[PDB]
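Structure record follows, encoded as structure tokens.
A short reminder: the numbers here are calculations on the coordinates, not readings from a lab. Positions of Cβ are backbone-derived with ideal geometry, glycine not excepted, and every protein chain shown enters the neighbour counts.
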Amino acid sequence: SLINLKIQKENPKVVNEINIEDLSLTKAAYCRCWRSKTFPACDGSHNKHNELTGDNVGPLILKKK
Amino acid sequence: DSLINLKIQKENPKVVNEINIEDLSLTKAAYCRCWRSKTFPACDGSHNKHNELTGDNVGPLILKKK
Ligand code: FES
Ligand code: FES
């Protein structure tokens, strides 16, 4: 049932705040699988998780107007 | 190690959500990273029960504006 295996395990609730107006990218993918090496950004690790596990998780994509 | 999402759109082989800056109403909006929210992709604090039951430490992503 653990979702997060390794990230900031000394912190009892990992919460990331992002300033959506400071997007340096036209879109930006944010991780919902707790496997990204760029966490809280998405690096595509979700694909390795889904393949390993048979899961169907993917990122939240933030997009500029 | 094992499944993260148990229930949400299991018919969909990859659940991706997009959000437009301009569609964000509030100065802050919480997005779920635990796959337990009844308002997915929004966070409704279901992570708290998940954390208490499993000894996990997951929390939402907060998008801040203005
Ligand atoms: S690396 Fe986790 S959702 Fe993409
Ligand atoms: S309900 Fe899932 S992170 Fe809050």
For A:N4, state whether it is closer than 15 Å to B:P60 by Cα and loosely packed, with under 15 Cβ neighbours inside 10 Å.
-> no
Test for B:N48: is it on the phi < 0 side of the Ramachandran plot, among the polar types (S, T, N, Q) and within 16 Å of ligand 1 (Cβ to nearest atom): no
When every residue in region B:10-38 that is closer than 20 Å to A:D55 by Cα and exposed (fewer than 12 other Cβ atoms within 10 Å of the Cβ) is compared, the one nearest to ligand 2 (Cβ to nearest atom) is B:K38
